[PDB]
Structure formats: C-alpha cells, structure tokens
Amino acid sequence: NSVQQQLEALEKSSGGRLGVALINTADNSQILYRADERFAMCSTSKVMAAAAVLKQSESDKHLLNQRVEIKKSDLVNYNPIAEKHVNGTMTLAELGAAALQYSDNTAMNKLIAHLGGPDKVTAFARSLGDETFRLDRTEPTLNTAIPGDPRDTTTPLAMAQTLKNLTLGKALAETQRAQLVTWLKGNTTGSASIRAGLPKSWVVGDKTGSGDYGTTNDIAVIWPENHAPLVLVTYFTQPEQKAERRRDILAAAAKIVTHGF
C-alpha cells in the first residue's frame, strides 16, 4: 500500500535503517515497518527503569519521596538535573522526572542502581510479558548503538506493545500509570521528533533517545482529537559511527503513518 511505499522511500532516501510500529487502539490495527528488527533503545530505555520504580511504589506508597544522594562521581556525559544537586539529594520522583523529561543519564544510573542493575530492569520487562527488551549496560555505554550488537536493544513492535501496556494497559496500578503518563506528557526533548509530524491539537507523551551511529529514537502515546489513542515507536539508525542525528526522519515517519485521524 501507499503508506508502506512512503516508508520504504523515506528509508531509502535517509541512507539508514528505519523501524516503525504504530498501534491504533481503536481496533488494534497496526502499521509496521521493520518492526521485528532489533534497534538500540538508547535513552528510550529509561521508560522501563522509571516504570519499574513506579511498580515498586504500589507496595510502598511513599517510595517516590525517598531521597538519593548525588555525588560528583555519579556524573556521566549528560546530567542537566543531577549536576544541580551534587552533594545534595533527589527524591525518586525527581529522578524519574529527570530521567524521562530531561533525559538525565545520571538520574537513569541512579534508577538502574536502585533496581539492582540492568538485569533487573530486564526482569521487570519480563514481568510485563516483554521477552524482547534487554538492558545490559549502565550509562553512558548503553548508547553505543553498534550495528549487530544485541546489548540494550528491543524491537519497535515489542516496545510499542510494552509502552501501550504501561501507559494504557494493566502493567501498573492506576495511580502509577497516571504518574508515568504525566511524566511523558511533560517531556522537554521531543518537539522535533514524533510530535513534529502530528497536528498541534493532539496531546502527546513521549521519550526520545539518540546514540552513536546517528541513532535517533522516539516512543510516544498519542491522544488525537475525537479518537482512541495511538501508540507509536520510531527508531532510526545509520551505518556510520559519527552520522548526525536525524529527528526530522522521525517526524516524517510519524506524519506518514497518522493520516485519517
């Protein structure tokens, strides 16, 4: 069909490899493109870590208020919130918000450590029935995005299904689900990615990521006017280590797959 042809042409023109999974929750119809192929998640993996802490808060109502010390040695390559709290503390809620809304890599490492390591983030994914997601490394090395490296990868379809389950389905109890959605809706890094291909009237929660190999990612829950939500994963990557980030490709893919709503 013409949608598939447009995605093929977009990928061909890009020089890279495009992965798209759109789930239309009105009827669970899907638009898929390379949706069973692995892609490095980069900072999009942070949704799984934040959600795992939210799950824990179902059994400890006040867990999100618990404080975590931030030390100079904790700082990694991109720390916009954590660097302001060195030799102080952040709450787990502040760490979740920093990880998701500002893509703070130190905050992600604090979440990973809290949970018991990358393997435990993976174990949480498994508890949601996601057998595809794997987190293997901490920040910043989980963003290497090396072609053919299975570490810190998932598929667009597995991630769309999981994002749907987390934000709209039964992965989290209601208060926790609502908290995750609030965080994603407050993202500060996603206006040039999926959002840029959608009507301005639509409400969006998303989490972006980027990496080496010009890896450019975004995962989103989309609330169109007068319609059931859509869940969209757009992963993009290029064959050269130092290729530039291409958020415009994600915006273009988002526009191609969301007509008619």
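Start at 1 with the first residue shown and count on from there.
For the two regions 196-204 and 40-48, the entry's Cα B-factors average higher over 196-204. Two stretches are in play, 57-65 and 221-229, and the higher mean C-alpha B-factor belongs to 57-65. In the PDB entry, the Cα temperature factor peaks, among 95, 146, 173, 158, at 173.
Placement of the Cα temperature factor of residue 72 within the chain: highest third of the modelled residues, per the deposited record. Placement of the Cα temperature factor of residue 87 within the chain: highest third of the modelled residues, per the deposited record. The entry lists a Cα temperature factor for residue 128 that places it in the highest third of the chain's modelled residues. Ranked by Cα temperature factor within the chain, residue 152 sits in the lowest third according to the deposited record. The PDB entry assigns residue 139 a C-alpha temperature factor belonging to the middle third of its chain's modelled residues.
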